[PDB]
Each structure stands twice: as C-alpha cells, then as structure tokens.
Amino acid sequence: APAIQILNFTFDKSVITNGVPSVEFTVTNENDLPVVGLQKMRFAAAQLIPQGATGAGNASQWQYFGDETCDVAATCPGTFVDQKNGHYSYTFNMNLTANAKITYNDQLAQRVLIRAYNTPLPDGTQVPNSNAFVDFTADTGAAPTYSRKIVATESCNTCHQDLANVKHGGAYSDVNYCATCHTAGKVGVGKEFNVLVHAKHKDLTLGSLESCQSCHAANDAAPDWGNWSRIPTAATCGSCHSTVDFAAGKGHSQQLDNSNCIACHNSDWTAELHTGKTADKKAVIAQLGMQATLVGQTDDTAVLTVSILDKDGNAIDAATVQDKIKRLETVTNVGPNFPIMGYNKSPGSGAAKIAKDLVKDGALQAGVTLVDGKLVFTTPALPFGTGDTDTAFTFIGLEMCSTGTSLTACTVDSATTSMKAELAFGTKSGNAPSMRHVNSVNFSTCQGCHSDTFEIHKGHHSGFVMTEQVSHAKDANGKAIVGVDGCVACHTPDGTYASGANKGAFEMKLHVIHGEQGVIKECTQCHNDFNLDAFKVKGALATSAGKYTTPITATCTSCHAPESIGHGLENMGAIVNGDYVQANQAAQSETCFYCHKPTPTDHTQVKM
C-alpha cells in the first residue's frame, strides 16, 4: 500500500565496452529497502569536453549522444535486467562510435542519466518520477578528473520549490539533467544552459536575482560552482548583456573569440561588480535600528516616541542623524486583529488611519519634538474601545540618504536606502496589548524570492525592510518570527485609497498580486499553516468601491472569480458585495469550513 515516495540510486559499475555503454545499479526507497519490479526507464549517455579543448578561454561543454526508453512490458532497444533484489543493469543498443554528430572519445569523462518514469510496479505500487546520473571514466569506471557541476537544484528550489514544475511536463527535477541535455548541438543556439537560464531571469524584478549567489553559491553538490567568475565568455555574459555584439565591436571592443576576456575580466573584478550593490545595501541597512513606544492617554490620544538605535541597538541622539533622514514615516491604526480605522474614513468608526511623517528632507515636521534625544508626536484622538480596539498600533518606516556604504546628509539628487522597519503597540487602559497572529505566514518564505533586503514600497514611500526588529513571537524551534502584521495599518478591511476597488485589505492583497505570477504554484510558498480560527474575529471586507463581503468568501474570491463557484455563495449565509451593515451582520454566518478542510499542502480538500 505505502506508495513509494523516494527512489535513491547507487551506481556500482558504469562503463563503455567497444562503444556500447553499460550501467549496473541499486534502487532503494525512503527507508532504505530495495525497490523491485521497475517497469519503465529512459537512459541517456553523454560526454564532457574539458575547459579549453575547444579553444583558449572557452568553457567545458557536454556532448549528448542520445536516449533510449526501455519498457519491460513493451519495446526496449537495449538489455534491461532485474536481479529482483534491488539491483539492476542496463546495456544500451546504441554504439557511441556510430554517432553521426559526435566522435565518441574514450578519454573524455562520461556521464549516464536515468529518468525513472511514474509507472507503477506489477504489484500495483506507485513509483515517483525520479532522476539519477553517474560520472565515470569510459574504460575503468572510476571517478573522473574533471566535471561541470556549477549550480545546484537546492538553489532553484528556493523559489521554484521543485524544478519539475518549470518545464517539460515534470519529466526532469535535477538541474544536472537539464544542464546535460541543453548543450551545443542538442538544442538550438541560444538555448544552451549557460545562456538560456540567465536569459529567462534577466528581466525579472525579484530582489534575490540581483546577486549571482541566488544561483551560484558554494554547495557540496557543485565542486565547480566558482566558474561563475572565472569563465567569462561572449555567450554567457552576453546572455544578460544582450546589447553587446562582440564580433562586430558594438558596445565593447571587438572580441572574435574568448581567448582574451579572462585577461581583462579577472575573477575578482567580475565578482565585486556583480555582488557589490547588494553588499553595499546590507552594509547601510545594518547601521541604524529603531525602537518605538506608544502610550494611550485618557483623552483618547496616543503619545508615540521613536528612538533611533546604533549598530548594537543602543539609542542615539537623533539630531546626530536628523540631517540624513529623507523620510521617517508613521502609520497608526486601532485593532490589530481587525483594524477599525480605514485608509479613508471607515463606515463604522468614521475614522481614518493616522498618517504622519516625523521627518521629511532632514527637517522635523509640525508637532514633532526632540526629548532625551528621541522623537515625540501625539496623535489626534483615536476610536479606542473594548477588547481588541483597546490596542492602538503603529508601523514605522525609515528612508536614509546614502552613498555606497555611507549615510550622507540628504541633498536634492541623493540616493536613499530603506532601513529596518519597526512595529509598536500601546493601550488606553494600560493593560497588556492585543496582537495579531504571525503563525500562518512567516516573512522568511518571502526572502527566498525577494531577498533579505526587500525594500517594500520604496519609491512613493519610505520603504519597509522587515526584520526581527518587528518580531513579537517565536516558533516551534524557538526562533523569532517576522510577520507581515504591520502592513494592516494601511491595508485595512476598508481597502486603501480606492476603498475596495483594488481589494486593498491585506487578507486579499498578496493573494491577488501573486495568483497572477506563474512562479507561485502552492500555498506552502508563504503558508506554514492556515489560521482559520482568525476569521472568528474578522468583519466584512471591502471587495469593490464601497461594498463589502463576508471574510472567508472575500479571501477565496481573491483568486476565484465569484461567478465560477458552481455551488453559489449567498446560499451559505454569505453576502458578496453587499452594503456594510448587511455584510458585517453576516460576517460569522459563513458555512464554508463545515465542508472545506484546507491545508497549505492541499487547499482543495473537503469533508461532506
């Protein structure tokens, strides 16, 4: 019954006899038990040209001989042998000396690949699509002198989760397999891997791709990972630098081949100019922190005190860097588990969020003062209430003028950097503050795609770098959780400035934005859990201008067109785009989770 999860391969003997390849291997499952009865497999053979053999400055390059698919129940060109103990062997039909395109060379390091199809065993057990490969010397079958193992599947999976998702119907899950097939002669010019992948990511904004280390880092499965700086060539550099024609001498001096590139473009130069902008960024972000406190008053106002911190976290006299602050931006709301102040004025409370910049262009703004070296500002009165609305909260973003790794006095022409954001809580009663959940979405998942220096909303705003500076909770292993709970100070249930038109409420915003991105394919990419109980303190959410929807329905229709739900929604005590009072009367009358039992791993699950 226990359908096979993992196929793990061990190669015992691998060679070429008079030009015919032969492999003998062992297969075992996730608990190291032999796997017997394998039905369908594709076998591929290849050859590695070393650095320089094609020309000085040229990189190492595979030659793809070809593939054969063996089905035990049907055709199989070669000789497939099951020792019915976990051990197997295959002998190819092809003879490499007979290849029309490639002169087989007994001395080149050889490689043989296996795609194990998803065909189930004769006894009915499921087999997962798998892939394995081996590197061997043609005659002796031993480890070769040289290799081309540059990038590792782990690095791609940071964003793609499983490389199979990407192309060719899931047939291929290990980047070495792609790297071997995508070589000169096998695929078209321009689709070689050292050019194809760069070209498919160059025009993407993802922050992690701003540095070569998102794909080119030290890793045990990549002994050649450092080639990323040592093998400059026209094809691979030009894959990102498409404006240059080296042969013509347009945009660069003429380069009729790659003999000379390495002479000018030494490893250290290539490396710094492509990693330096990220390093500078981290270097400047690291210099200042922020801690804020927020105190409720008897007159329903709130005193916000902001404290700028040094590299080690000790407070500093803020006037010492006032001249370097481009914008210190605050946003204050009430009710962290469900903000009751809209971006504009809310239909209920009638209040709009409190948006105040503490510093603009080096200058303290109206109503802000310096006390013990700290910034202080007192809000207009806020709609304090009972329970959750006993807690007011404020989100703080800092944008500093900079140069390189330096903070500099701000000028008209000045570069900026968004610094570590801060989150602060305070109450009117003086009792302990309520706080929103962080246990369903960890900011760490984003870092994979967006980098640890995601300057969110840099541009029209100060920008927000989410760090443990905002953390107020820890996980199972005891590590600090960075949540995105601060964002709801603007992304309120009542939307942002269009009050529903852009579906601003945070419960929906990221979903709409990212449902339209083909890289996003599983809820596990942000979600470690769904906190469904949270809906129990939710009201209705604005889904178009001025009209509201019960929260579960609102969340699902971020991706699911309301009309496309066959079974209908008003049936379920739902209200979809009704007026405020109607919708929030029905906020807790939704029937969805009586049926729908979603997990991040499969959200379509149901119990009737």
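Position 1 is the first residue in the sequence shown; the rest follow in order.
*Asks:* Please compare 60-68 with 567-575 and name the stretch with the higher mean C-alpha B-factor in the deposited structure.
*Replies:* Between 567-575 and 60-68, it is 567-575 that shows the higher mean C-alpha B-factor.
*Asks:* Decide which of the stretches 175-183 and 232-240 has the higher mean C-alpha B-factor, going by the entry.
*Replies:* Going by the record's values, the stretch with the higher mean is 175-183.
*Asks:* Reading the B-factor column of the entry, which of 257, 310, 123, 413 has the highest value at its C-alpha atom?
*Replies:* So the option with the highest C-alpha B-factor is 123.
*Asks:* Please pick out which of 373, 207, 348, 397 has the largest Cα B-factor as recorded in the entry.
*Replies:* Comparing C-alpha B-factors across 373, 207, 348, 397, the maximum falls on 373.
*Asks:* Ranked by Cα temperature factor within the chain, is residue 534 in the lowest third, the middle third or the highest third?
*Replies:* It falls in the top third of the chain.
*Asks:* Within this chain, which third does the Cα B-factor at residue 39 fall in: lowest, middle or highest?
*Replies:* Its C-alpha B-factor belongs to the highest third of this chain's values.
*Asks:* Split the chain's modelled residues into thirds by Cα B-factor; is residue 390 in the lowest, middle or highest one?
*Replies:* According to the entry, residue 390 has a C-alpha B-factor in the chain's highest third.
*Asks:* Residue 452: which third of its chain by C-alpha temperature factor?
*Replies:* Middle third by C-alpha B-factor.
*Asks:* Taking only the Cα B-factors deposited for this chain, tell me whether residue 483 sits in the lowest, middle or highest third.
*Replies:* Within its chain, residue 483 is a middle-third residue by C-alpha B-factor, going by the deposited values.
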